[PDB]
């Protein structure tokens, strides 16, 4: 379909004139600011404390003072860092939240773009095709409701695994070549890293939904009993909004203690293997080593972020 | 050859705006299942002990 094509131009004009990331990319000083921000958050576990961030930013400013054409300050690093950080918060690029600072989704996308723009390592690896093949293999074998097809698929899979077991019993096994392992490690890192990319879009979904709820209530005459069911209706509405729905299923899976613990153990043994150190620098390996911890804590943070809207029912209903 | 094709630059630029509001999402239980399965595969392959 192509009827929307007329409207898409207006949509893109909107995005250009308002969206944070795009506006950032158009600034005369875009690369310097984006690089500074990238470096700042490149070391984060979670939201960084305001003063830790201030120190790091002031130090980084010192490193780039030689770029004098941009009116970069040359006599006061802490004041400059504070001014710039305040401005960036004004740019809707980072959040005045809980004494810490987090990367707005706009910053996430701008980082992904520019960091994926120059001459670099590509977004893929030689192992991507194998992963896609396995994923399609599972997607088809599970979408197919014909039980006959499913049982036949299992009959052949079990035979393949039986071949493998017999081969190993006879004393023959196979392992990855070094560079093959390098590519697989890079593939793992590329995949798992994307899991973090959308938490703070779900956060914004909750924020916008809650602000829309409170905004529509400007009809002070509204029969307040509606919220007795709207308490469930908001949850249902966001449980079909792909953000909240997918995040809820993600939590449902994230609660499988055995699977997450096993995946962490496997990640540990993978990072231990020598090839790991070659595929990734120490920073990336440290990031991946505790990844499960990061996901757990970020999900819990987003939960306690939606928490604000949860109590809003009584704040709306009651008076006295 | 008389035809026209989009350079990689334009491909990436398109991928940028399309990753704005109308973007697709990856923080998914599906993605986690993929990563879990494929990490199992990677570990088992890297294990040399028969």
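Residue numbers (my numbering), protein chains in the order written: chain W, 227 to 546; chain C, 3 to 52.
Built from N, CA and C at the ideal position, the CB exists for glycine as well.
One alpha carbon belongs to residue 387/W, the other to residue 413/W, and they sit about 24 Å apart. For residue 489/W, the closest Cβ of chain C is nearer than 8 Å. What residue 22/C touches in chain W, judged by beta-carbon distance under 8 Å, is 241, 245, 247, 248, 335, going in chain order.
Residue range 404-420 is occupied by the alpha helix (DSSP H) that includes residue 419/W.
Only 468, 469, 472, 473 from the segment 442-474 of chain W bring a Cβ to less than 8 Å from some Cβ of chain C. Using a Cβ-Cβ cut-off of 8 Å, residue 485/W counts as an interface residue toward chain C, since at least one Cβ of chain C sits closer than that to its own. Distances from the CA of residue 339/W to each of 261/W, 284/W, 357/W, 301/W were compared; the closest alpha carbon is that of 261/W.
Around residue 503/W, the same chain offers 511 as residues with beta carbons nearer than 8 Å, after the five sequence neighbours per side are excluded. In the three-state scheme derived from DSSP, where H, G and I count as helix and E and B as strand, residue 337/W is classed as helix. Looking at 477/W, 473/W, 436/W, 476/W, the one whose alpha-carbon comes closest to that of residue 459/W is 436/W.
When the beta-carbon positions are compared, residue 274/W and residue 327/W come within less than 8 Å of each other.
Within the segment 452-538 of chain W, no run of beta strand (DSSP E) reaches 3 residues while sitting entirely inside it.
Counting along the chain, residue 349/W sits inside no alpha helix (DSSP H), nor does DSSP assign it H or E at all. Taking the CA atoms as reference points, residue 430/W sits about 29 Å from residue 306/W.
Taken atom to atom, the span from the alpha-carbon of residue 357/W to that of residue 493/W is near 17 Å. Judged by DSSP in its simplified three-state form, residue 275/W adopts strand. Taking 8 Å as the threshold, the shortest C-beta distance from residue 539/W to chain C does not fall below it.
One Cα belongs to residue 374/W, the other to residue 365/W, and the distance between them is close to 16 Å.
Residue 327/W carries a strand assignment under DSSP once its states are collapsed to helix, strand and coil.
For residue 517/W, the closest alpha carbon among the candidates 534/W, 480/W, 541/W is that of 480/W. One finds 339 in chain W with Cβ atoms closer than 7 Å to the Cβ of residue 18/C, taken in chain order. Between residue 474/W and the set 244/W, 354/W, 377/W, 428/W, the nearest pair of CA atoms involves 428/W. With 16 or more other Cβ atoms inside 10 Å of its own Cβ, residue 408/W counts as buried. Among the residues of the segment 359-383 of chain W, those with a Cβ less than 8 Å away from any Cβ of chain C are 360, 361, 364, in the order of the chain. Residue contact with chain C for residue 254/W: absent (no Cβ-Cβ distance below 8 Å to any residue of chain C). Three or more beta-carbon pairs separated by less than 8 Å are not found between the segment 398-407 of chain W and the segment 19-33 of chain C, which leaves the two stretches without contact.
Boundaries of the alpha helix (DSSP H) around residue 392/W: 373-395. Looking only at 290/W, 232/W, 296/W, 314/W, the smallest Cα-Cα distance to residue 303/W is reached by 290/W. For residue 320/W, the secondary structure class from DSSP, reduced to helix, strand or coil, is strand. Here residue 539/W is actually not in contact with residue 443/W; their C-beta atoms are around 11 Å apart, not less than 8 Å. Interface flag for residue 497/W against chain C is unset, since no Cβ pair is found closer than 8 Å. Closest in alpha carbon position to residue 288/W, among 536/W, 258/W, 269/W, 312/W, is 258/W. If you compare the alpha carbons of 236/W, 527/W, 499/W with that of residue 271/W, the shortest gap goes to 527/W.
Residue contact check for residue 9/C against chain W: no CB pair falls below 8 Å. Between residue 276/W and residue 34/C, the C-beta gap is not smaller than 8 Å, which leaves the two residues out of contact.
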